[PDB]
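We've got the same protein chain twice here, in two forms, each standing alone as structure tokens: structure 1 and structure 2.
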Structure 1
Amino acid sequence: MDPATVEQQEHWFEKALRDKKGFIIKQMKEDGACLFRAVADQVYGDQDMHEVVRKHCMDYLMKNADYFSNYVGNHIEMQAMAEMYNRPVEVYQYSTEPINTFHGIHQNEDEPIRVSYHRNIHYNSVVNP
């Protein structure tokens, strides 16, 4: 996709999500920590907590290494975070409904962590004002 077509896709998605669902795509810094940034914004309201989220995700995986060693979209990290925060994680992909949902412990289904996954492996935070 040409840079102009890419920007058209991004703009269409932001508008559709705002108009159809009332959600806002909050831009996270575009580094390799963007998944943890988006979750940090969802949980703490502040992407600066990204390294703490990552630390806690890694702590959770290590603690549960017997289970997670079965398995070694960021599926492993997303399951860990949904379980650890006891909230589902909903992943939007140029979509106004989630493409998939990590259920966590199947509690707090009305308060999901919502993230959007974009071109070039980037995640943003999907906020319900």
Structure 2
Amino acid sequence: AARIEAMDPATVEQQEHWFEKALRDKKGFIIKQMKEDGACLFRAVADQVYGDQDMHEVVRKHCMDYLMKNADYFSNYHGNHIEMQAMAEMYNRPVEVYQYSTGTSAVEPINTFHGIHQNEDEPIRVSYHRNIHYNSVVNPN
């Protein structure tokens, strides 16, 4: 039952909520909720680039085009860090990923992907989360 209390959406929510409070308090950033579909970061990026998540298909399409035009290089390495690098280069802006952690200063990006050159453009910042979801476990037998 310790397992269960620990995985309760209650404790997970409290952590995610604390993480929101921290980001705001330490960096002044605000996590904005995107619509829930897939492991896709296209909605989050669209909000970062266009101020509108419903532009996700535009972002996805350019990303796919940019990957494909750069196949040989990207071939060396779904595969979200590949998408993230592509999008940093294509928008020429750094992409920063944030995530809850109990390590020191969770409020620092867990990783930063760089565009082509440095400039004064605001970085693209996204939030990595893993949301509780239940499926149905069927027994045909």
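For residue numbers, the reference is structure 1: its sequence is counted from 1. We call the rigid core the largest set of C-alpha positions that still match within 1.5 Å between the two forms.
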message = For a quick test of reading the superposition: does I121 move by 2 Å or more at the CA between structure 1 and structure 2, rigid core aligned?
response = yes
ask   = Core overlaid, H103 C-alpha shift between structure 1 and structure 2, how many Å?
value = 0.7
request  = Mind pulling the C-alpha shift for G32 between structure 1 and structure 2, with the rigid core superposed, in Å?
outcome  = 1.4
